[PDB]
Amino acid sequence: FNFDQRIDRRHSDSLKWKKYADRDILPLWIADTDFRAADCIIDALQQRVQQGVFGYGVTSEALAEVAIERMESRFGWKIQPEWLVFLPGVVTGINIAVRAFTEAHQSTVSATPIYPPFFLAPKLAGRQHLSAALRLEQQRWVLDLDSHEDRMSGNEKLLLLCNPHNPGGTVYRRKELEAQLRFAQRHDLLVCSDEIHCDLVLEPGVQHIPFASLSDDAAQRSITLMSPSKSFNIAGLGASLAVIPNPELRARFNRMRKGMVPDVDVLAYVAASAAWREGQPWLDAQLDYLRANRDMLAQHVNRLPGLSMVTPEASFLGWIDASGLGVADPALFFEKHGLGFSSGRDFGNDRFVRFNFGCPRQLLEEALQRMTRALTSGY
């Protein structure tokens, strides 16, 4: 059956295994797993390639159908079909939202640290950005936007959220989402919720909650970004979708997208459909494997005498506080000890490193031993 302990060689076109191509450094940085795609995804792609023709394609009605069924059955959120807008990636959906829902004098609000494109998009669009620092509470990274009221200027317009949160891995609860909703209403902000990791919730008894499912007011003021790219390791194809219930906001979004952003690949539609249509047993087995990998990394990091890490509620990263080392560059430090992490400076906190434990357990054990060898003793 499913065997996530398989080790592949790349020796491919993967950006992950080519940054440290000819160096003895373990790639554990970019947010993709080393897992072979589900059989349903590969078999669907083969049936489409053997079809022969690759002309201009239409948007997948099958993907829109399986996406609606998934949002209603797994998250309790009924989706109207015309709310969907398919995109070639999630990063492009973040940029279009900023260019379309903000003007030159208006600003954006998000958390810090966060997925780098969240404050890179206002930077490229000529928009100033307001950042609210995440604070640790009960071994969880929580967001307190209400404690940043007086730091605002009235120019704020677009609220950029991330649930589950990259890189912290926090799965926001219902009370915390309703607090972020009340913050958006009190300041009359538009919300852009990035929910790419919604399928990777590991905590039992806790369900991912879409922001636009809280009420009809949240739905009419927000845009929801979702994709099976990270759930099924098909980011190299990049089939995603945006859910905009507001008709006027959808027209402003599509007008900003038209011509500048192309349509989704013909083969990317086939993989994204098979991922959400029949890949669920594969995704179930990956969660158990990732939780076992997560628990090992979490217990190992807390024993080392210079690192702190919150157990991520959502796989598969990986936020390690390396401020206890005292080095001027924690990411460059681990690189000279054969460990290639994502530098936290790109996320807005040069004291952290992002750990990608989305890999076979044999490779994780070798990474954990290089961490033990690096800190002890001594360096």
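A residue's number is simply how far along the shown sequence it sits, counting from 1.
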Handout entry: Of 8-16 and 357-365, the one with larger mean CA B-factor
Key = 8-16
Handout entry: Greater mean Cα temperature factor according to the PDB record, 150-158 or 201-209
Key = 150-158
Problem - Largest Cα B-factor, entry values, listed residues 62, 40, 53, 26 - result: 26
Practice task
By the entry's C-alpha temperature factors, tell me which of 164, 279, 116, 247 sits highest.
Solution key: 247
Exercise for the section: Classify residue 330 as lowest, middle or highest third according to the C-alpha B-factor given in the PDB entry, relative to its own chain. Expected result: highest
Problem - Cα B factor band for residue 340 (lowest, middle or highest third within the chain) - result: middle
Exercise for the section: Using the B-factor values recorded in the entry, state whether the Cα atom of residue 255 falls in the lowest, middle or highest third among the modelled residues of its chain. Expected result: highest
Handout entry: residue 139 CA temperature factor, ranked by third within the chain
Key = highest
Handout entry: Entry-reported Cα temperature factor of residue 72, expressed as the chain third it lands in
Key = highest
